[PDB]
Every structure is written in structure tokens, then in C-alpha cells.
Amino acid sequence: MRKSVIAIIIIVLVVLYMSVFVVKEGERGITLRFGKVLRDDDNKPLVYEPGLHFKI
Amino acid sequence: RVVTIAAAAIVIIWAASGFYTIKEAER
């Protein structure tokens, strides 16, 4: 039960590191899943404020 | 049982090669 725990920890950490992305102050981010953009608040395109956000 | 394995392989190939994505600007 020693290889499995370190393996799950390291893969979880690398998955989280891949997931996180930061939008710089001067820019704004648009997210694309497959082709389309994410829609929110009654089918309105969403733009990311310059803050840390999580992507799949 | 090899025929069942072949059927599983062909249906998996059918499912995997069928999916496609098109960009937002495109239709």
C-alpha cells in the first residue's frame, strides 16, 4: 500500500496543477470546451475576470 | 469467445472514431 498512495497523491497533484490557470490583470480569458464557449446566466457568453480559475 | 472480443473491438472502434468537435465559429 506504499506505491499506490504516492502514485495517487502525485497524479492528483499533477491533475490539479494542470487544472489551475490564472488570468493576468491586463487580460481577460475566454474558455473553450471542445469548440463552443461556456454559457452562463441564460445563455450569455462568460468572460473571466483577472483571477485564478479552474479548468477541466 | 474470440468472436465476442472482435465484436467488442469493432464496436469500440466505431464509438471512438465517431466523435468529432467543431469550433464555435463553425457550423
# chains A, B, ... in the order shown; residues from 1 in each chain; ligands from 1
call {"tool": "closest_atom_pairs", "arguments": {"of": "chain A", "to": "chain B", "cutoff": "6 Å", "atoms": "only C-alpha atoms", "output": "Markdown table"}}
result
| residue | atom | partner | partner_atom | distance |
| --- | --- | --- | --- | --- |
| A:34 | CA | B:21 | CA | 6.0 |
| A:35 | CA | B:23 | CA | 3.7 |
| A:36 | CA | B:24 | CA | 4.3 |
call {"tool": "select_by_dssp", "arguments": {"residues": "region 5-53 of chain A", "states": "alpha helix (DSSP H)", "output": "PyMOL selection string"}}
result
chain A and resi 5-19
call {"tool": "atom_distance", "arguments": {"atom1": "CA of residue 32 (chain A)", "atom2": "CA of residue 11 (chain A)"}}
result
24.1 Å
call {"tool": "select_by_dssp", "arguments": {"residues": "chain A", "states": "strand (DSSP E)", "output": "PyMOL selection string"}}
result
chain A and resi 20-22+39-40+44-45+52-54
call {"tool": "write_last_selection", "arguments": {"atoms": "N, CA, C and O atoms", "output": "PDB file, in the first residue's frame"}}
result
ATOM      1  N   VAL A  20      -5.488  24.316 -12.869  1.00  0.00           N
ATOM      2  CA  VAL A  20      -5.461  25.723 -12.487  1.00  0.00           C
ATOM      3  C   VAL A  20      -4.846  26.561 -13.598  1.00  0.00           C
ATOM      4  O   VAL A  20      -3.878  26.162 -14.257  1.00  0.00           O
ATOM      5  N   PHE A  21      -5.432  27.736 -13.822  1.00  0.00           N
ATOM      6  CA  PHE A  21      -4.883  28.724 -14.737  1.00  0.00           C
ATOM      7  C   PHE A  21      -5.244  30.103 -14.204  1.00  0.00           C
ATOM      8  O   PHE A  21      -6.313  30.286 -13.619  1.00  0.00           O
ATOM      9  N   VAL A  22      -4.351  31.065 -14.413  1.00  0.00           N
ATOM     10  CA  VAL A  22      -4.502  32.412 -13.875  1.00  0.00           C
ATOM     11  C   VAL A  22      -4.613  33.399 -15.029  1.00  0.00           C
ATOM     12  O   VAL A  22      -3.883  33.295 -16.023  1.00  0.00           O
ATOM     13  N   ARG A  39     -21.427  28.987 -21.568  1.00  0.00           N
ATOM     14  CA  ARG A  39     -22.521  29.936 -21.448  1.00  0.00           C
ATOM     15  C   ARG A  39     -23.072  29.895 -20.031  1.00  0.00           C
ATOM     16  O   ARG A  39     -23.193  28.823 -19.432  1.00  0.00           O
ATOM     17  N   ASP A  40     -23.400  31.069 -19.500  1.00  0.00           N
ATOM     18  CA  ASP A  40     -23.959  31.178 -18.163  1.00  0.00           C
ATOM     19  C   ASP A  40     -24.989  32.298 -18.132  1.00  0.00           C
ATOM     20  O   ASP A  40     -25.009  33.176 -18.998  1.00  0.00           O
ATOM     21  N   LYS A  44     -25.682  33.547 -21.926  1.00  0.00           N
ATOM     22  CA  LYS A  44     -24.839  34.698 -22.187  1.00  0.00           C
ATOM     23  C   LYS A  44     -23.378  34.280 -22.103  1.00  0.00           C
ATOM     24  O   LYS A  44     -22.983  33.629 -21.125  1.00  0.00           O
ATOM     25  N   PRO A  45     -22.558  34.606 -23.100  1.00  0.00           N
ATOM     26  CA  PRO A  45     -21.143  34.226 -23.037  1.00  0.00           C
ATOM     27  C   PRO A  45     -20.465  34.856 -21.831  1.00  0.00           C
ATOM     28  O   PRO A  45     -20.727  36.008 -21.477  1.00  0.00           O
ATOM     29  N   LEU A  52      -7.690  33.772 -10.399  1.00  0.00           N
ATOM     30  CA  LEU A  52      -7.428  32.349 -10.556  1.00  0.00           C
ATOM     31  C   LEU A  52      -8.733  31.602 -10.802  1.00  0.00           C
ATOM     32  O   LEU A  52      -9.721  31.792 -10.088  1.00  0.00           O
ATOM     33  N   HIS A  53      -8.734  30.749 -11.823  1.00  0.00           N
ATOM     34  CA  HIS A  53      -9.910  29.972 -12.180  1.00  0.00           C
ATOM     35  C   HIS A  53      -9.487  28.550 -12.519  1.00  0.00           C
ATOM     36  O   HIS A  53      -8.338  28.291 -12.888  1.00  0.00           O
ATOM     37  N   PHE A  54     -10.436  27.626 -12.390  1.00  0.00           N
ATOM     38  CA  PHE A  54     -10.189  26.207 -12.605  1.00  0.00           C
ATOM     39  C   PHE A  54     -10.783  25.767 -13.935  1.00  0.00           C
ATOM     40  O   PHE A  54     -11.931  26.100 -14.249  1.00  0.00           O
TER      41      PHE A  54
END
call {"tool": "atom_distance", "arguments": {"atom1": "CA of residue 27 (chain A)", "atom2": "CA of residue 48 (chain A)"}}
result
9.1 Å
call {"tool": "closest_residue", "arguments": {"among": "A:8, A:13, A:23, A:38", "to": "residue 51 (chain A)", "atoms": "only C-alpha atoms"}}
result
A:23
call {"tool": "atom_distance", "arguments": {"atom1": "CA of residue 56 (chain A)", "atom2": "CA of residue 30 (chain A)"}}
result
13.7 Å
